[PDB]
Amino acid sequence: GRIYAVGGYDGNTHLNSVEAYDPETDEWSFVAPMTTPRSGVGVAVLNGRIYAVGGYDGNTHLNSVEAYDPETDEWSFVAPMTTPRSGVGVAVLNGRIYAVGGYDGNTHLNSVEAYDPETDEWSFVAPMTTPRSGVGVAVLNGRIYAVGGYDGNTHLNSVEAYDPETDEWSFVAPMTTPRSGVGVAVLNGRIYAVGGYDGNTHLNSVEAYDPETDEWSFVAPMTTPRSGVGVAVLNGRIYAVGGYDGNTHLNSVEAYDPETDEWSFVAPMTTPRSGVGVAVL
């Protein structure tokens, strides 16, 4: 019932600090920091633990992975991925964590690795067609969606969906606007693509995907443009956390109500964070 903002970049330093948001009180507080600073980190929740996957520590693109236990307020390393990835998208489906795309320091990646917490092992699955760093990933009705990103040459509006029964990626309908550094969340049967960068502009626009019609539509924009934004869903609202508006790394946080189609500000974090990972536990 809390939102965790993990790592990121405050405009001067890559962060290992972590803050947690309580909606009952509308306040952020620090929890235990990670061992390794990570911006462009992917964050997933599985079986009562938060996983911080990859990222960039200011000198190295990371293949290491840390797990947070809220009962002990402790981070521990688990098995590393084979390939280092910053700007990686992370999703959980059927008891596995998927690390999707990213950048390894030399190459934008279309490879995908899956983590089994019981064996503490990563293994490769089918790669996507298009390489994507700064990709947003979400899970809806048994599929993983890889949304937008940057392939090394172009900012992408294409979207691919992964079916674990067939181990295959397939394109679905593209967004209207290309977005890298996009935040993606699932709420009430729709995927929301929040913010990002289209190659010329940092975005405050938001598009919603309905898988029944295979169509994207614009919804209300946020007040502040945000690329490198973290997005999470809690108690029926979507939270857009931090990011970069084109001039400033942000500690502000906006919440979206789909019934009113409105964004409103909530309490800001203490530390500005772009390239931040966000998850709900």
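Position 1 is the first residue in the sequence shown; the rest follow in order.
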Mean Cα B-factor check, 133-141 vs 70-78, entry values; winner is 70-78
Regarding 185-193 and 83-91, which shows the higher C-alpha temperature factor on average in the entry? 185-193
Checking the record values for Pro127, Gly102, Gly148, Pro117, which has the greatest CA B factor? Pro117
Residue set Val65, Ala255, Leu46, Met34, per-entry CA B-factor max assigned to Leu46
Quick check on the deposited entry: does the C-alpha B-factor of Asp10 sit in the lowest, middle or highest third of its chain? middle
Comparing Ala267 with the other modelled residues of its chain, is its CA B-factor in the lowest, middle or highest third? middle
Going by the recorded CA B-factors, say which third of the chain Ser29 sits in, lowest, middle or highest. middle
Ranked by Cα temperature factor within the chain, is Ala173 in the lowest third, the middle third or the highest third? middle
Would you check the entry's CA temperature factor for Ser217 and let me know if it's in the chain's lowest, middle or highest third? middle
